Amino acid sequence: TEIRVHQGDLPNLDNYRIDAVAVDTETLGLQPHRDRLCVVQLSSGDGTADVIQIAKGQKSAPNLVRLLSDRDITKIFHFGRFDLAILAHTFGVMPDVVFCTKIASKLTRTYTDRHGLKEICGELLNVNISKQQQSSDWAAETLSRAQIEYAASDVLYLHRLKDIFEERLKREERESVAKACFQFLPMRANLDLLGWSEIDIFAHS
């Protein structure tokens, strides 16, 4: 499995002249104002991944952020609500064309309440995501090989997931519903950053 490890940013975008990119982040935790962005992982869906180490206090990542704001490229996330929040918070740029496999799962896998990426991978691809490195020091100067491998595998499968979910969304006639959710998702992430992370803004109470 080719994993390309970088300091700061992609060297260029030669591997990303594509319709859709898989994106994932690693952080020091779930609170963007407290827990910094540590890693950004990318994949074109060709079985290879780029793992990008983000330094403490890093202000720019010009090639990556160009990708994130290219409206002709769909950004695929699993639970992008999280990734979009810490990415926009770090680099000041909120993507607006996105696909989320966790939203897709909740719209199609109506026979389960387990929508984690591990469960989705095991069910739709018979691929075993190992969640051991999830709780590790992602801010470490040098990432372990197990850290690099775990971070890369969280992006390696998202294109295949996207294709299967797109089939299910069409079969159950929920395409326009999913699209509206994906359209709002950047604003749902913004709401989190502005102080509404604990509030379902559409709830009655």
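Position 1 is the first residue in the sequence shown; the rest follow in order.
Asks: Mean CA B-factor: is it higher for 136-144 or for 37-45?
Replies: Looking at the recorded C-alpha B-factors, 136-144 comes out higher on average.
Asks: If you average the CA temperature factors over each stretch, which comes out higher, 109-117 or 123-131?
Replies: Per the deposited B-factors, the answer is 123-131.
Asks: Where does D9 sit by CA temperature factor within its chain: lowest, middle or highest third?
Replies: Its C-alpha B-factor belongs to the middle third of this chain's values.
Asks: Determine, from the deposited record, the chain-internal third of the Cα B-factor for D96: lowest, middle or highest.
Replies: It falls in the top third of the chain.
Asks: Against its chain's modelled residues, does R160's Cα B factor rank lowest, middle or highest third?
Replies: Answer is middle: the recorded C-alpha B-factor places it there.
Asks: Would you please rank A152 by its C-alpha temperature factor against the other modelled residues of its chain and give the third it falls in: lowest, middle or highest?
Replies: According to the entry, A152 has a C-alpha B-factor in the chain's highest third.
Asks: Please place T27 in the lowest, middle or highest third of its chain by C-alpha B factor as given in the entry.
Replies: Lowest third, going by the recorded CA B-factors of the chain.
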